[PDB]
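Chemist: Input file: my_file-v3.cif. Contents: mmCIF, C-alpha atoms and all ligand atoms.
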```cif
data_model
#
loop_
_atom_site.label_atom_id
_atom_site.label_comp_id
_atom_site.auth_asym_id
_atom_site.auth_seq_id
_atom_site.Cartn_x
_atom_site.Cartn_y
_atom_site.Cartn_z
CA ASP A 1 -18.01 3.80 9.82
CA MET A 2 -15.54 2.10 7.53
CA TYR A 3 -16.19 -1.05 5.52
CA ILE A 4 -14.22 -3.22 3.06
CA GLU A 5 -15.23 -4.56 -0.39
CA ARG A 6 -13.29 -7.15 -2.44
CA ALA A 7 -11.61 -5.71 -5.57
CA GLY A 8 -9.57 -8.65 -6.92
CA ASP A 9 -6.97 -11.40 -6.61
CA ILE A 10 -3.29 -10.56 -6.03
CA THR A 11 -1.50 -11.93 -9.08
CA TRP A 12 1.32 -10.78 -11.41
CA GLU A 13 -0.11 -9.88 -14.89
CA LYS A 14 2.00 -10.84 -17.89
CA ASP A 15 2.35 -7.93 -20.39
CA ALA A 16 0.83 -5.37 -17.97
CA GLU A 17 1.21 -1.63 -18.90
CA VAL A 18 4.87 -0.69 -18.10
CA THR A 19 5.52 2.91 -16.83
CA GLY A 20 7.23 5.15 -14.23
CA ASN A 21 10.83 6.24 -13.71
CA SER A 22 13.30 5.06 -10.96
CA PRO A 23 14.46 8.09 -8.99
CA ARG A 24 17.21 7.85 -6.32
CA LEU A 25 16.25 10.32 -3.54
CA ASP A 26 17.73 11.28 -0.16
CA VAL A 27 14.86 11.33 2.31
CA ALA A 28 14.13 11.74 6.02
CA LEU A 29 11.30 9.99 7.96
CA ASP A 30 9.88 11.82 10.98
CA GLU A 31 8.17 10.48 14.11
CA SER A 32 4.72 11.16 12.52
CA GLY A 33 5.51 8.81 9.58
CA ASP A 34 5.95 11.63 7.07
CA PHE A 35 8.76 11.46 4.49
CA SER A 36 10.57 14.63 3.41
CA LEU A 37 13.24 15.37 0.79
CA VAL A 38 16.75 16.12 2.12
CA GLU A 39 18.80 18.39 -0.22
CA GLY B 1 -17.62 -11.34 6.57
CA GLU B 2 -15.53 -12.04 3.46
CA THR B 3 -12.15 -13.46 4.47
CA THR B 4 -10.94 -14.67 1.07
CA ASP B 5 -7.36 -13.65 0.29
CA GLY B 6 -7.21 -10.65 -2.08
CA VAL B 7 -7.12 -6.85 -2.48
CA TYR B 8 -10.02 -4.80 -1.00
CA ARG B 9 -11.28 -1.20 -1.10
CA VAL B 10 -11.69 0.61 2.26
CA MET B 11 -14.84 2.77 2.12
CA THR B 12 -16.68 5.23 4.36
CA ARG B 13 -20.23 6.66 4.35
CA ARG B 14 -19.34 9.62 6.69
CA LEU B 15 -18.72 12.07 3.78
CA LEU B 16 -20.84 12.61 0.59
CA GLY B 17 -22.17 9.27 -0.78
CA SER B 18 -19.73 6.34 -0.48
CA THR B 19 -16.13 7.42 -0.53
CA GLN B 20 -13.02 5.25 -0.98
CA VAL B 21 -10.46 6.30 1.61
CA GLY B 22 -7.92 3.54 0.75
CA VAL B 23 -7.10 -0.10 -0.07
CA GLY B 24 -5.76 -3.16 1.74
CA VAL B 25 -4.64 -6.80 1.55
CA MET B 26 -6.35 -9.86 3.05
CA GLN B 27 -3.81 -12.64 3.62
CA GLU B 28 -3.97 -15.61 6.02
CA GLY B 29 -7.08 -14.19 7.72
CA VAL B 30 -5.39 -10.80 8.45
CA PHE B 31 -6.29 -7.45 6.83
CA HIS B 32 -3.32 -5.19 6.10
CA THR B 33 -3.47 -1.47 5.24
CA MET B 34 -1.70 1.86 5.88
CA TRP B 35 -2.32 3.58 9.23
CA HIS B 36 -3.29 6.91 7.58
CA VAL B 37 -6.19 5.17 5.73
CA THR B 38 -8.08 4.00 8.85
CA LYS B 39 -6.35 5.91 11.68
CA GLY B 40 -6.63 2.58 13.61
CA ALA B 41 -10.47 2.48 13.58
CA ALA B 42 -12.45 -0.80 13.48
CA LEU B 43 -13.72 -1.98 10.06
CA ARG B 44 -16.85 -3.76 8.86
CA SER B 45 -16.91 -6.71 6.35
CA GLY B 46 -20.61 -7.43 5.64
CA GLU B 47 -22.11 -8.10 9.07
CA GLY B 48 -18.65 -8.89 10.59
CA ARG B 49 -16.29 -6.61 12.50
CA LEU B 50 -12.50 -6.46 12.04
CA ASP B 51 -10.67 -5.07 15.08
CA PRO B 52 -7.11 -3.63 14.92
CA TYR B 53 -4.43 -5.94 16.20
CA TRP B 54 -1.09 -4.17 15.53
CA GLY B 55 -0.19 -0.69 14.26
CA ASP B 56 2.59 1.88 14.09
CA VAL B 57 2.25 5.52 12.93
CA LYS B 58 5.92 5.89 12.00
CA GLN B 59 5.87 2.81 9.75
CA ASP B 60 2.36 3.96 8.62
CA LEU B 61 1.00 0.41 8.84
CA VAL B 62 -1.84 -1.45 10.59
CA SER B 63 -3.10 -5.06 10.70
CA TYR B 64 -6.54 -6.36 11.72
CA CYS B 65 -7.57 -9.82 13.20
CA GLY B 66 -3.97 -10.90 13.68
CA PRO B 67 -0.31 -10.01 13.32
CA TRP B 68 1.27 -8.56 10.15
CA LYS B 69 1.74 -11.50 7.73
CA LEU B 70 3.48 -9.89 4.68
CA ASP B 71 7.20 -10.59 4.57
CA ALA B 72 8.38 -10.57 0.95
CA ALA B 73 10.99 -7.96 0.02
CA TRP B 74 11.95 -6.15 -3.22
CA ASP B 75 15.13 -7.81 -4.58
CA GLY B 76 16.62 -4.38 -5.50
CA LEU B 77 17.04 -5.34 -9.18
CA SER B 78 13.76 -6.36 -10.84
CA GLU B 79 10.61 -4.64 -12.04
CA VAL B 80 7.58 -4.94 -9.78
CA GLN B 81 3.84 -4.36 -10.25
CA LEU B 82 1.60 -1.95 -8.43
CA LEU B 83 -1.88 -3.50 -8.20
CA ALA B 84 -3.59 -0.10 -8.26
CA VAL B 85 -7.14 0.03 -6.98
CA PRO B 86 -8.28 3.64 -7.69
CA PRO B 87 -11.58 5.07 -6.39
CA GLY B 88 -14.49 4.00 -8.65
CA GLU B 89 -12.11 2.17 -11.03
CA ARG B 90 -11.19 -1.48 -11.76
CA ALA B 91 -8.04 -3.03 -10.11
CA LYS B 92 -5.17 -2.62 -12.66
CA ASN B 93 -1.61 -3.96 -12.68
CA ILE B 94 1.11 -1.42 -13.50
CA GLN B 95 4.70 -2.62 -14.02
CA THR B 96 7.64 -0.39 -13.06
CA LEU B 97 11.30 -0.45 -12.01
CA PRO B 98 11.52 1.01 -8.48
CA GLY B 99 13.84 3.82 -7.54
CA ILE B 100 15.27 4.14 -4.07
CA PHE B 101 14.74 6.26 -0.98
CA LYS B 102 18.13 6.66 0.77
CA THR B 103 17.75 7.34 4.50
CA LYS B 104 20.07 7.58 7.57
CA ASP B 105 18.74 4.09 8.54
CA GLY B 106 19.08 2.36 5.18
CA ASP B 107 17.67 2.28 1.66
CA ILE B 108 14.06 1.44 0.72
CA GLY B 109 12.58 0.79 -2.77
CA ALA B 110 10.23 3.49 -4.10
CA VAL B 111 7.63 3.61 -6.90
CA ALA B 112 7.14 6.74 -9.06
CA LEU B 113 3.46 6.30 -9.96
CA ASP B 114 0.70 8.88 -9.45
CA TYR B 115 -2.82 8.00 -8.26
CA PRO B 116 -5.64 9.61 -6.15
CA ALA B 117 -5.08 9.56 -2.36
CA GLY B 118 -7.84 6.90 -1.94
CA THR B 119 -5.47 4.44 -3.76
CA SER B 120 -3.22 4.27 -0.62
CA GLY B 121 -2.77 0.72 0.66
CA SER B 122 -2.68 -0.75 -2.86
CA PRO B 123 -0.15 -3.64 -2.89
CA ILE B 124 3.16 -3.79 -4.76
CA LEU B 125 4.02 -7.32 -5.96
CA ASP B 126 6.99 -9.32 -7.16
CA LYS B 127 7.00 -11.82 -10.07
CA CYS B 128 5.79 -14.63 -7.77
CA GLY B 129 2.68 -12.56 -6.85
CA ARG B 130 4.03 -11.91 -3.31
CA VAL B 131 3.24 -8.59 -1.67
CA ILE B 132 6.54 -6.72 -1.08
CA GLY B 133 4.86 -3.66 0.45
CA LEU B 134 2.01 -1.16 0.25
CA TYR B 135 1.83 2.06 -1.83
CA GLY B 136 0.73 5.42 -0.44
CA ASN B 137 3.35 6.92 1.92
CA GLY B 138 5.90 9.05 0.11
CA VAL B 139 7.00 12.44 -1.11
CA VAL B 140 6.36 15.15 -3.72
CA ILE B 141 9.44 15.90 -5.83
CA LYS B 142 10.70 19.08 -7.73
CA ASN B 143 8.25 18.74 -10.68
CA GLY B 144 5.13 18.22 -8.50
CA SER B 145 5.10 14.43 -9.14
CA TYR B 146 4.62 11.72 -6.45
CA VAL B 147 7.01 8.97 -5.35
CA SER B 148 5.79 6.34 -2.86
CA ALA B 149 8.00 4.22 -0.58
CA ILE B 150 7.53 0.45 -0.91
CA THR B 151 6.35 0.16 2.76
CA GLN B 152 6.68 -3.35 4.27
CA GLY B 153 6.03 -4.56 7.86
CA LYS B 154 7.81 -7.22 9.89
CA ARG B 155 6.34 -10.72 10.32
CA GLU B 156 7.00 -11.60 14.02
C1 LIG C 201 -0.79 12.14 -1.51
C2 LIG C 201 -1.02 10.68 -1.83
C3 LIG C 201 -1.08 9.74 -0.81
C4 LIG C 201 -1.31 8.41 -1.07
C5 LIG C 201 -1.50 7.97 -2.36
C6 LIG C 201 -1.45 8.88 -3.41
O1 LIG C 201 -1.33 8.37 -4.66
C7 LIG C 201 -1.20 10.24 -3.14
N1 LIG C 201 -1.13 11.21 -4.20
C8 LIG C 201 -0.59 11.05 -5.42
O2 LIG C 201 -0.24 9.97 -5.88
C9 LIG C 201 -0.33 12.32 -6.17
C10 LIG C 201 -0.69 12.39 -7.52
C11 LIG C 201 -0.38 13.55 -8.22
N2 LIG C 201 0.24 14.61 -7.68
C12 LIG C 201 0.57 14.54 -6.39
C13 LIG C 201 0.29 13.44 -5.64
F1 LIG C 201 0.63 13.45 -4.33
#
```
Have the structure of the file written as structure tokens, please.
Modeler:
Amino acid sequence: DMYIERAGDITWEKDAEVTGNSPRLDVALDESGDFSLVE
Amino acid sequence: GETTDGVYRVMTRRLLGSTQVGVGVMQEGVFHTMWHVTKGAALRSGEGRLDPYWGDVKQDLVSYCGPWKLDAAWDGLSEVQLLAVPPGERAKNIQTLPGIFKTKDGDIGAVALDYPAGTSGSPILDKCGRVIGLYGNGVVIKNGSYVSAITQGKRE
């Protein structure tokens, strides 16, 4: 049995930690909603 | 139950203790999360029940109490924030410049940030605080790292 609990407001935070790269990938999406890499 | 707009954890007591299986967004009286988090099951909010209203396995999305309300889109240029809600941890904003998933049906923004599986459903926001999609459906790349699509629904 699943239940929900509030965790916060949805707001943009000024000077948040900035990280992560920006990869450009060729992908396929199947009927089950799974993504896969196409090479 | 609580219907205030905001980000929420999705929990279960079926496994050991209380386990966070995902995250979702409450907006305009509708709860929004990824299909793989709930598998379309009903949810509890206090003594209230939230029943599924719309869902689609291929999009990996589901809404409860009403139709999908989130309609903002990544502009394709600017940094966004993932409002990560990890299991047992405080909600935290992480800013990043999305990459892109190129598909036969068009391009989608993607975020290269790594979190536990129970973080799925966490919202990705633009600079106006609008939800441009949910994090948690993606792929594992060459180096073992994770890249999530920015998954957004359609507001009918
Ligand atoms: C599989 C999944 C579904 C939804 C959200 C998640 O956040 C993940 N996993 C990772 O990010 C992840 C981290 C590190 N290494 C691999 C990974 F898949």
Chemist: Which residues, written as number ranges by chain, have at least one atom at most 10 Å from residue 34 of chain A, with only C-alpha atoms counted and residues fewer than 5 positions away on the same chain left out?
Modeler: A: 28-29; B: 57-60, 137-139
Chemist: Pick from B:53, B:148, B:129, B:6: nearest to residue 113 of chain B, with all atoms listed in the file counted?
Modeler: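 Of B:53, B:148, B:129, B:6, the one nearest residue 113 of chain B, counting all atoms listed in the file, is B:148.
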Chemist: Kindly provide, as an MDAnalysis selection string, the polymer residues lying within 9 Å of (-6.4, -2.5, -5.1), counting only C-alpha atoms and using the coordinates exactly as they appear in the file.
Modeler: (chainID A and resid 6:8 10) or (chainID B and resid 6:9 22:25 82:86 90:92 119:123)
Chemist: Looking at B:33, B:145, B:19, B:12, which one is nearest to residue 68 of chain B, with distances taken over all atoms listed in the file?
Modeler: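 Under the stated criterion, the closest residue is B:33.
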Chemist: Around ligand LIG 201 (chain C), fit a box with edges along x, y and z, padding it by 3 Å on each side, then list its centre and edge lengths in Å to one decimal as JSON.
Modeler:
```
{"center_x": -0.4, "center_y": 11.3, "center_z": -4.5, "size_x": 8.1, "size_y": 12.6, "size_z": 13.4}
```
Chemist: As a count of residues only, please: the residues near residue 13 of chain A (cut-off 12 Å, only C-alpha atoms, same-chain neighbours under 2 positions excluded).
Modeler: 21
Chemist: Between B:29, B:88, B:48, B:98, which residue has the minimum interatomic distance to chain A, considering all atoms listed in the file?
Modeler: B:98
Chemist: Given the choices B:50, B:131, B:117, B:149, which gets closest to ligand LIG 201 (chain C) if the distance is worked out from all atoms listed in the file?
Modeler: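 Of B:50, B:131, B:117, B:149, the one nearest ligand LIG 201 (chain C) is B:117, counting all atoms listed in the file.
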Chemist: Enter the distance from atom CA of residue 115 of chain B to atom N1 of ligand LIG 201 (chain C), in Å, rounded to one decimal.
Modeler: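 Between atom CA of residue 115 of chain B and atom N1 of ligand LIG 201 (chain C) the gap is 5.4 Å.
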